[PDB]
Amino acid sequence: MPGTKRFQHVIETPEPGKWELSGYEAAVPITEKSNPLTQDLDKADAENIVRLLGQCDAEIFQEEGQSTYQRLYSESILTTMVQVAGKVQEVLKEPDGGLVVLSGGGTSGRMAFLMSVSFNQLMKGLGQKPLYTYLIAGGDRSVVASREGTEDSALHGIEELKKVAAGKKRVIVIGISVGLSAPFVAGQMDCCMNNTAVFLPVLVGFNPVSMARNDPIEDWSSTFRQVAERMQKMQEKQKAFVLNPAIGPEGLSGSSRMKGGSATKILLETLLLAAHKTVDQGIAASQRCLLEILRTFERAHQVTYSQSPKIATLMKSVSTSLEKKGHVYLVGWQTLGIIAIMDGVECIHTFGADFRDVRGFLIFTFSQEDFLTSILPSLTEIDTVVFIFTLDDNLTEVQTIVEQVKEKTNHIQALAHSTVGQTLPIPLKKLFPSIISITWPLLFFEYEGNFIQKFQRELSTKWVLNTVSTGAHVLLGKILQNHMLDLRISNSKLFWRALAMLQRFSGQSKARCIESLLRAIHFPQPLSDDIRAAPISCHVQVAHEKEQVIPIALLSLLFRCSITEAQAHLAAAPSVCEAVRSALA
């Protein structure tokens, strides 16, 4: 019947109470699952939120128990990390013809970029030709932009790969889809597999290959699962690899920017750092070299979250600036400024936030006087400004910018990374009464940029800003339990997520839930057969443009009413948050 070809794969809503017995719950991929720790994230205060998220983040480093999915510290994963590090060596031994590509949509593409730089630096510091590069869904503009819709084309991702692989002779291609979901990556890997002689695909993400996304891709004949299964087969001959540890669900469901992006870094820096540091030591990568790194990264979670009360306080002050109607500025030097940007831009699609709400700045990329003249005028009593830097930075430039802002804001806090017994100039650097100095044990680095110290710092920053920003908005009511209900459908994965939220919250049938969603999207056109049968892209292009689509569809379903009736019900409640919450009673 009209539709069956597009919604056939969607599991039926289970009957109340049998959500697990139905077998439904075991097919929700980990990345999309509801984390049990965050059942009530919408009733945690800023102190509980930092706890529960900091807890969630810890699950990256949990070990495998006794019938269970492989995790990061399991032997099959470390073994794969070694073999891959291995394959990165063959390419470092042969830079003429060689390339290494790090590719992802969204935050996976963001993490890819950062790492491609760091390891380019590492080879610059050694006077080696840089071999890393990156590919992001939507081209390089995508790095610092919200562009959710660009990940849905396999041919796109393939074209980008054909470009950058020029007339190279040996190309390692690392595809990063946290969900083993994004068509961008799917094509790249599948294509890699058609020319083994040149290419080596390494798929990275955080679901088992049996939860790999399996719906049809519009411009491609195989699904991610098929492509992933076939790579897993090629691993036995070392011509492809899948690195897919489980790290547990996200604190905010399907927010793979967070634990997924963290784990992407932890997992990839480790592996690559290991492969570098060990080539010119004349030695093969061992698990022992890897674990040195992972344990350092593990220490960093504990280092980072031991400043939780302060993290909670900064969040409170970001939540209030927004609760009024003011803005937040994340001000950062070097890489930690980029991460600031990427946290800000990510807030847009993740929260229906506007590009000023939580903005990032690198010294997007404005200079010292430049930022003084341009942005400094626009500030206000109620804002918040956050300063992000190490003591190795250049604090003459830093003190300047804060002194000027103190006048006009007085809601400033700060994030400062330091080796033990570095000291903060200006004994009256108060300024920041209650800093977040984060103080790093001296480690034994041999590389001239101290790249391992870099990653500790980047990650620690990412955890803070993720938790800050993500937390701020929870406090403001916009999260439902641990789901963002009212998201903007801007690619196919988000469309399915919306639909899955409808089935869960309403408990009503798959057909009914699809019908309500499609009506809410295309209102005032009614459901024709053309519409029912249309590719998910068509829905997305129309929904992406609209507001409250999901909450309207859910209301229609609960009240049993028309779209017309529920639009007027929405406009007759004080807020979307309150309408939805009480319809659920």
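Superpose the two forms; the largest set of C-alphas matching within 1.5 Å is the rigid core. All residue numbers are counted from 1 along the displayed sequence.
- With every structure aligned by its rigid core, 424-432 is the stretch of 456-464 and 424-432 whose CA positions lie farther away in 7 other deposited structures of this protein.
- In this entry, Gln66 is separated from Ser67 by 1 to 3 residues of the deposited sequence that have no coordinates.
- According to the entry, the stretch of the deposited sequence that connects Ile363 to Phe364 contains 10 or more residues lacking coordinates, which leaves a long gap in the model.
- Here 414-422 and 344-352 are compared by their mean Cα B-factor, and 414-422 comes out higher.
- With 161-169 and 486-494 compared on mean CA B-factor from the PDB entry, the stretch scoring higher is 161-169.
- Note on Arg257, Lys325, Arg147, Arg225: the highest value goes to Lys325, judged by CA B factor as recorded.
- Per the deposited record, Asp393 carries the highest C-alpha B-factor of all listed residues (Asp393, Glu218, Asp215, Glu75).
- Compared with the other modelled residues of the chain, the Cα B-factor recorded for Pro427 ranks in the highest third.
- In this PDB entry, the Cα temperature factor of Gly282 sits in the top third of its chain's modelled residues, the highest group.
- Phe451 sits in the highest third of its chain by CA B factor, as recorded in the PDB entry.
- In the deposited entry, the Cα temperature factor of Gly97 sits in the top third of values across the chain's modelled residues.
- When the modelled residues of the chain are ordered by their C-alpha B factor, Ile521 lands in the lowest third.
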